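Below, in structure tokens: the form deposited in one PDB entry, a single chain.
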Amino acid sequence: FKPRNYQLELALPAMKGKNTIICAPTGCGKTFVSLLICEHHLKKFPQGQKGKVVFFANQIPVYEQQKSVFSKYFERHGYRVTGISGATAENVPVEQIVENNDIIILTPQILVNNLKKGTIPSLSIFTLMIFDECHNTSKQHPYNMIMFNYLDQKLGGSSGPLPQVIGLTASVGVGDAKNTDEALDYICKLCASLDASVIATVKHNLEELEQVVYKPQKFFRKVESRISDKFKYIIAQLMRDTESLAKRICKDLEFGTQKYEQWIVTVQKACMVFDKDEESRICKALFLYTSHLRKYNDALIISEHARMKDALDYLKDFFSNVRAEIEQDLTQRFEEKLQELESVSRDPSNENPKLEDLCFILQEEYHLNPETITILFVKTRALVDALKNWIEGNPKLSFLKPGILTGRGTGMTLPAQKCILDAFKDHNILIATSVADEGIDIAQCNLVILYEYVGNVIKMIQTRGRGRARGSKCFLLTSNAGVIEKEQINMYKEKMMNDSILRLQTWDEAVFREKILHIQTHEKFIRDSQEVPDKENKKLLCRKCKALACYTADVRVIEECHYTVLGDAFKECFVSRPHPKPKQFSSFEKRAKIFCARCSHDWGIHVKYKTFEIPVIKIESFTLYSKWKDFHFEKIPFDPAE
């Protein structure tokens, strides 16, 4: 690769030693920029001094790719390149691995753990730190944690040769800024977080850049929601019935929208605090009652954004997971109206006008350009399958050869994700979710459809990375009309972003270097200023059947994070099944998923820790607590001796 002139331009500040945030559009080759930087940095040292670079990537695919490029590139120059990720994290001398390698590709969460564990004494070991997607440096994110460590050693009395810090991104973001001054403040905060005295962008070479990356034309499609109440009418009855069945027990109480969802979750929270014998029958009934009631609320939301068939099949798939006592009654109410709902799904006149417009868009582009590659973004993983079936089930769309991309959680694994991206060069169109955010550098697309897709200014600028080619088009399809305005804001926010950067770049240096020091200092003492056990024995009950699980005295903590149970008393209370994720995370190894032996509620997982094979539980499956952090009791460290 012959370096483009603007790649040198973006590299210039970093090569002169300044801490720099490099802001350039996706696909412009920011990767090769960090190579030029990194190469220049190592060759600046005299014999008897060696530089040590750490490249950060917060996604495994990006991690593996960088380690590949860097290794192939820098092997010739006599620099040893290595990497450490979650799989290679455990049972290795991290300190010596860092010591014996000149360039090190890393996940940030690993450097955080090694700093906290003390295995890595200080960042002074590194002469250079490169943050990829540096806009993630903020809040509690791992990137920011690494910099908190960096900032304390700076502002503290502790003296060390702190590393040069570089960062990379297509956008810094304006945050919540309503204007230039607020936007300029947010960017200044980020610069301080990364200790950057310079924001680098293409200026002199702009004409070259725009012949590489092109800004795809954006279109706003405002449609209308279906007026037909036929489908939601019957289900509104079913939900109205389940409301009575629940009200037929507790007798006390305090819509297919999001507001209604938070209620049913609150109802369940209210039913779990409710003789102890009939109590289990009551709680289990309410749990099963609200569960179906909550999944009926889902079938509504789906019917709005997709076919009625997709919602009916979502229930048809649900009730299949129900079977294999009070469930037989509720499925009876469904089976009763099912015959009627089967016909409503078959009626073409009731078709979603939001889909018809999406169909129309797809017909035009492929009629114009049959070689079109498309990415269709959606919100929920459920809606991913709903549209998959819709395309293959549409005679008009027959030219489409759809494929799916999702995250891990129904979950799609990494090799499953990669398997789709390779066929996307067989696959005509890719239905997906936010996984595409920050980019995997997948196949180029001349068409990008945003289906009820809300996001920030950063994701917006990133998603263009699919449309680098001239003539690429992007559509936004929503019936809400609030989604339109939300995107409009982001467009204005990008303007504020680029205006503020130009305005910041005019400032004399050493004045700005002074301001970031003033931003760092204020942020430090507030960060240091933000910082009672209960020895009583409490009983942990299963949130579903309220059966006895174990006592707080039994529970031990593993490495300050994970909670387990001691004794064979617990072993009679649960069952287990192998879950198809035999991957080792951290010190553990995932083997099977735990279930209630009474019920079948998910308690936690059964793993392998060192020599011992021991279960691990989550409190949110057992007053109620969402996490163990919120649960205050005497924490007994797990002792190998017992």
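Residue numbers here begin at 1 and follow the sequence given. C-alpha atoms forming the largest set that superposes within 1.5 Å between two forms make up the rigid core.
The protein also exists as the form deposited in another entry; that form is not presented, and the subsequent description refers to it.
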**Q.** From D508, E99, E364, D176, residue displaced between the shown form and the other one - CA threshold 2 Å or more, rigid core
**A.** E364
Q. Hey, does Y73 budge by 2 Å or more at the Cα between the shown form and the other one once the core is superposed?
A. no
(Q) Taking the rigid core as the reference frame, tell me whether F231 has a CA displacement of 2 angstroms or more between the shown form and the other one. (A) yes
Q. Rigid core fitted, then: does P348 show a CA shift of 2 angstroms or greater between the shown form and the other one?
A. yes
